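Notes for the one structure printed next.
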Amino acid sequence: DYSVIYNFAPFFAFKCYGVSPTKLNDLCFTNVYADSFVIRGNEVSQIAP
Amino acid sequence: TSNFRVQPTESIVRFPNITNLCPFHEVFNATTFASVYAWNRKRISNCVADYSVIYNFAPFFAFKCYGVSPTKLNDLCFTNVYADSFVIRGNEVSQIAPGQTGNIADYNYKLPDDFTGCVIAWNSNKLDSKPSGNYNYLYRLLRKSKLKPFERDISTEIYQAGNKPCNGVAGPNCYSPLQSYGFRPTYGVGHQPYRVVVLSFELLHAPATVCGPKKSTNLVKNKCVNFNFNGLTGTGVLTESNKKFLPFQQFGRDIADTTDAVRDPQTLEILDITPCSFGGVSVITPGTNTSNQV
Amino acid sequence: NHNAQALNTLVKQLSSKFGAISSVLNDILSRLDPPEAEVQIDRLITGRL
Amino acid sequence: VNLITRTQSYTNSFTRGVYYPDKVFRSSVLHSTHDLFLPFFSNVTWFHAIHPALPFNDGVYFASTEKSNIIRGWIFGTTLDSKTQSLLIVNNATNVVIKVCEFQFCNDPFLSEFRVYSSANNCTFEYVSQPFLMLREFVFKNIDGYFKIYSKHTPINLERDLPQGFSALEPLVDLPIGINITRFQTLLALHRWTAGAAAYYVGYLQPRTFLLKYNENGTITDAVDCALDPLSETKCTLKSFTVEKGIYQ
Ligand SMILES: *[C@@H]1O[C@H](CO)[C@@H](O)[C@H](O)[C@H]1NC(C)=O
């Protein structure tokens, strides 16, 4: 249930590449991998395919 | 061997007559501005469009034209000229681009992905900061869904993050989407105020009504010239035609889906457009050893 | 009739978008930045070829 | 309060509602367009108004057969008050007035224009042109930000003229934004009040492909609705009004 993600604070960069953010709840996935770390603000734009 | 295209000889521009000018000033000097959530969208129509006044103003931080070449702005004709004036922070200027997503892009003002026009952003920090605080400029950072292109939302909706409505009061999962910009003179680029005017154009089959200044040289009939009749540029020979166009418009076409006939912005004379004479050239030669005459 | 049909099909497909913004070459030439102009011109070329 | 009562009947659209898709001239050619057209042989609501709002859908075909200018305008809006943008057209004996102001409308507005609207305030667009009204057919269309009214006037002998009558875009686009228009209300004209009757014809437009025939003079003379019947679909897929005997996929 990805609604809890929207329940948190506003996101500076909520960028979805291969999946539409609105279609997340409808779709089914095989594996989910959560990678968490901390970077500076100007470094966020480097985290992209 | 080769073709024989009858190269054109002269050029005729016959843009319609209005010989007036554009608001293009009250959409740029206007003493006060608008918010990004509440952005003034003015339709400029009936004009001559001298974009020289734009270059006459202060240097522009990001004078990026997406659908139109910036230097070729005066040559083409456009149906509707739109002035969209608002103030956003410097780092948020990049968010105003077709195909680019961001908080200001999606929750305040979303340009179409196939947008054609020019974004004119210049720093206005000379006189925008006051000791009291520039709370007038506001932006939306929360909305139920993504904004459709060219959509405006000024209503303050109570953000119902939880499964129960906030009932218009503050509490858990109860935050106002609107946020006031903080403008300080000493802040670097990224928080300084920036005045952004978006020139939205719409190329379609209605009278130009707005076409950068160009004086029409007279017409040249039986001959081979370029024609520019309300933006449709081409090559052909202008001849008197017996077709009887109804008053609707001028863009006459034939079964070949080609501009057979056109009406000029002077008389309502209808001229049939025929392609300039051309063909293929062939060399009849005997054997090379026999002779060199061809 | 078959010959006329083929010729008409060619002339009609001269106006196809083929994924481009517009079917008119001069409009793209006088309207677009040189890289985007090259991209759209290449699309039109592929379609016409 | 409510002082206008309308009676509804249902009738057949026959072959009306064909309009020019674009301002492009054509001669002796058959053209296929996919547009918001009036479907052939559809239900048409006939309203008689005696001394009441309607939805707009994607477009409305409005027909009148009146003589003594009983209808004198139209009203368009979403909330029909000052809260949302509206579009008011009035047709006096001298000119047409189009306003995109924030007019607040009565519950049953009717036709000096004191009774139609109570107050006027900040507007968006205003247009003054020659009067629309001089069988009057109008086609409304607000799709790509523009507002389009197409008009035509034909004589009367008996009932709706079955032969095809094209609608020409004379009033042109008003260049409005028109906001999320969702409803439509008509304006009947009373006098300085014994009796009064109206002859509204309301039909709805729908995405549908039609084939149009242009004569040698550039005028539409006949049309075929591709979805009406298998014969019409065959005519559309053959790009010809005449169909030779045979079997067609
Ligand atoms: C076409 O227009 C001409 C005017 O030159 C007129 O004589 C002729 O009758 C018209 N034909 C039709 C079918 O309207």
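Chains as they are written, first to last, in my numbering: chain A, 2 to 50; chain B, -13 to 280; chain C, 617 to 665; chain D, 477 to 725.
Positions of the beta carbon are idealized from the N, C-alpha and C atoms, including for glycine.
Item                                                                                                               : Value
Within 8 Å of chain C by C-beta, residues of the segment 80 to 99 of chain B in sequence order                     : none
Within the segment 143 to 202 of chain B, ranges of the beta strand (DSSP E) (whole runs, at least 3 residues)     : 164 to 166, 179 to 186
Residue burial classification, A:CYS29 (beta-carbon count within 10 angstroms, cutoff 16)                          : exposed
Beta-carbon proximity list for B:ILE90, same chain, < 7 Å, skipping 5 on both sides                                : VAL22, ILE74, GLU78, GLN81, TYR125
Beta strand (DSSP E) segment containing B:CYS51, residue limits                                                    : 48 to 51
Of the listed residues D:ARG684, D:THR718, D:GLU692, D:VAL719, nearest to residue 735 of chain D (C-alpha basis)   : Since the first residue shown for chain D is 477 and the last is 725, residue 735 of chain D is missing from the structure and cannot be characterised.
Proximal residues of chain C, C-beta to C-beta of B:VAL54 below 9 Å                                                : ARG647, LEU648, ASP649
Sequence-ordered residues whose beta carbon comes within less than 7 Å of a heavy atom of ligand 1                 : B:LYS230, D:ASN691, D:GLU692, D:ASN693, D:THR695
Where D:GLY679 sits in the DSSP three-state scheme                                                                 : strand
Test: C:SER631 CB closer than 8 Å to a CB of chain B                                                               : yes
From B:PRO56, B:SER38, B:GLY119, B:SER186, residue whose alpha carbon lies closest to that of B:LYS96              : B:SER186
Members of the segment 192 to 206 of chain B that neighbour chain C once the beta carbon cut-off is set at 9 Å     : none
CA nearest to the CA of D:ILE723, picked from D:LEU707, D:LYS715, D:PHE717                                         : D:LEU707
The alpha helix (DSSP H) enclosing B:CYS104, as first and last residue numbers                                     : It is not in any alpha helix (DSSP H) - B:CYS104 instead sits in the beta strand (DSSP E) that spans 103 to 109.
D:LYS628 - DSSP class collapsed to helix/strand/coil                                                               : strand
Chain C contact for B:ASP61 (CB, 8 Å cutoff)                                                                       : yes
Among B:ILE270, B:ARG181, B:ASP70, B:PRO2, nearest to B:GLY103 - alpha-carbon criterion                            : B:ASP70
Nearest-angstrom Cα separation, counted from B:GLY176 out to A:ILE6                                                : 27 Å
Length of the line joining the Cα atoms of D:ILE632 and D:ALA675                                                   : 14 Å
Among D:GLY654, D:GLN640, D:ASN568, nearest to D:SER588 - alpha-carbon criterion                                   : D:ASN568
Collapsed DSSP secondary structure at B:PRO98 in the structure displayed                                           : coil
Assigned exposure category for D:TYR622 - 16 Cβ within 10 Å defines buried                                         : buried
Given B:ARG129 as reference, the closest of B:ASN159, B:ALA156, B:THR221, B:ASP92 once Cα atoms are compared       : B:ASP92
Among B:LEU7, B:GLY266, B:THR276, B:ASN216, the one whose alpha carbon lies nearest that of C:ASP643               : B:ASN216
Test: C:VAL655 CB closer than 8 Å to a CB of chain B                                                               : no
Three or more C-beta pairs below 8 Å linking the segment 47 to 62 of chain B and the segment 157 to 171 of chain B : no
8 Å CB neighbourhood of D:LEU479 in its chain, flanking five on each side removed                                  : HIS527, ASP584, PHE586
Buried versus exposed call for B:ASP246 [16 or more other C-beta atoms within 10 Å across all chains shown]        : buried
Contact list for B:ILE241 against chain D, beta-carbon separation under 7 Å                                        : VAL505
B:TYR145 and B:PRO163 closer than 8 Å at C-beta                                                                    : yes
Contacts of B:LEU232 in chain D (Cβ-Cβ under 9 Å)                                                                  : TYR496, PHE501, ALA644, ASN693, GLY694, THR695
Reference D:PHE686; option with closest CA among D:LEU704, D:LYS559, D:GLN606, D:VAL536                            : D:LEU704
Host beta strand (DSSP E) of D:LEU663 (start-end)                                                                  : 659 to 664
Proximity test, Cβ basis, 8 Å: D:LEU651 and chain E                                                                : Going by chain labels, chain E is absent from the structure shown, which instead holds the protein chains A, B, C and D.
Between the CA atoms of B:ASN204 and B:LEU254 - distance to the nearest angstrom                                   : 15 Å
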